[PDB]
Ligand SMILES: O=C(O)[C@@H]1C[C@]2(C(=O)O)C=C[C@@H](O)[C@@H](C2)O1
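Starting off, we have a lone chain in the form solved without the named molecule, written out as structure tokens.
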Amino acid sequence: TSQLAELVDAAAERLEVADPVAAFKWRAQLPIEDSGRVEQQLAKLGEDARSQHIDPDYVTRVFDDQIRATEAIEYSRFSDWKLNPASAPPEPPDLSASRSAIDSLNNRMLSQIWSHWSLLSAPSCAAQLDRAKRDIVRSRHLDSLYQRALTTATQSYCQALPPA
């Protein structure tokens, strides 16, 4: 098992929430973009990082990637549902429920980042991440879109700097 399996799995788990979020927005006719909200979600995460003495700029970069990957999945689903609306899940969970699940995933993600700091900042990170991704892509039989989204979500992981 890759030593980055937990963090790449958490990334994938957070990507799973794009679908019910999209489903809800589709039915409610809400826009996918929410620049104000994203700006603020990243604010809290930055401050959480500072509290644990985790580099906030690294954290905000990673979560920005994560959020864009999620937005990409929502747009892809809207594309599919414009082509064939019958596919749109009729009774998705409330957006507030999805957002609370996301908040909890974020906390776990940040904890896994801190736990793996020495590895994320080590030269073996690129190799370990490619292995973690390859394993999870196969084991979850992730489709093309989710493979791409996972790449985007994890693209800044190995940018961590070792402690002073």
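All residue numbers refer to positions in the sequence shown, first residue = 1.
Another form, the form deposited with the named molecule bound, is not on view; read the next lines as being about it.
- In summary, among the residues 122, 67, 105, 137, the only one with a non-hydrogen atom within 4.5 Å of the named molecule in the bound PDB entry is 67.
- Checking 109-117, 124-132, 38-46, 52-60 against the named molecule in the bound PDB entry, the stretch whose residues place heavy atoms within 4.5 Å of it is 38-46.
- Within this chain, residue 74 lines the site of the named molecule in the bound PDB entry, having a heavy atom no more than 4.5 Å away.
- Using a 4.5 angstroms threshold between heavy atoms, residue 32 counts as touching the named molecule in the bound PDB entry.
- Taking the partner from elsewhere, residue 95 is found to have a heavy atom lying within 4.5 Å of the named molecule in the bound PDB entry.
- The named molecule is not shown here, but in the bound PDB entry it comes within 4.5 Å of a heavy atom of residue 25.
- Counting a residue when any of its non-hydrogen atoms is within 4.5 Å of the named molecule in the bound PDB entry, the hits in 8-29 run 14, 21, 25.
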